[PDB]
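Note sheet for the following structure.
When reading the values below, keep in mind they use all heavy atoms of this one structure, side chains included, and skip hydrogens, waters and symmetry mates. One-based numbering, in listed order, for ligands and for the atoms of each. Below, chains carry the letters A, B, ... as their sequence lines are ordered, and counting in each starts from 1.
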Amino acid sequence: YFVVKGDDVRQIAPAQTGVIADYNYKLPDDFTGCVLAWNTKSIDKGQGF
Amino acid sequence: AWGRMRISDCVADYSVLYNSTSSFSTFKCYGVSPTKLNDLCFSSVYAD
Ligand SMILES: *[C@@H]1O[C@H](CO)[C@@H](O[C@@H]2O[C@H](CO)[C@@H](O)[C@H](O)[C@H]2NC(C)=O)[C@H](O)[C@H]1NC(C)=O
């Protein structure tokens, strides 16, 4: 579980490139399981991410 | 009335786009995979 920005949500998937797929978190090419994502604007604020 | 331009005699790494450039809402490749654009050389490239 983690918190990202919206444009980066598409990067949590096999075979992707970017800052959130090369230097921060990566998923194997044979990945079994599910991905869930929802907006949390009201509860997450500040500059602490 | 859209433009077109040709890029030649240059080296291209996409990591430079990471620093200070805005993110990308749509980034979709068809004939190639995005994970293999740093290991290839192309005979010709055009930008629209
Ligand atoms: C990362 O982005 C910063 C944005 O300020 C760049 O800062 C300046 O960038 C110009 C052009 O590259 C340089 O001529 C300046 O010397 C840089 N100044 C600073 C603040 O260092 C920085 O160069 C970029 N670094 C890269 C591209 O990795």
hydrophobic_cluster_shared for A:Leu27 and A:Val9, side chain cutoff 4.5 Å: yes
Path from A:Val19 to A:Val3 over hydrophobic side-chain contacts below 4.5 Å: no
Atom 19 (C) of ligand 1 touched by protein heavy atom at under 4.0 Å: no
Closer than 4.0 Å: a protein non-hydrogen atom to atom 8 (C) of ligand 1: no
Check: A:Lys41 main-chain N/O paired with A:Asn39 side-chain donor or acceptor under 3.5 Å: yes
Nearest protein heavy atom under 4.0 Å from atom 24 (C) of ligand 1, yes or no: yes
Parallel, tilted or perpendicular: ring planes of B:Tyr18 versus A:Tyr23, cut at 30 and 60 degrees: perpendicular
Short side-chain to backbone donor-acceptor contact, A:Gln11 and A:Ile20, under 3.5 Å: yes
Protein contact to atom 2 (O) of ligand 1 [nearest heavy atom, distance to 0.1 Å]: B:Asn19 ND2, 2.3 Å
Exercise check, heavy-atom protein proximity under 4.0 Å to atom 16 (O) of ligand 1: no
Contact atoms of ligand 1, heavy-atom distance to B:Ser20 under 4.0 Å: 2 (O), 3 (C), 4 (C)
Heavy-atom protein neighbour under 4.0 angstrom from atom 28 (O) of ligand 1: yes
Atom 13 (C) of ligand 1 within contact range, any protein heavy atom under 4.0 Å: no
Heavy-atom side-chain contact between A:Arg10 and B:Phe24 under 4.5 Å: yes
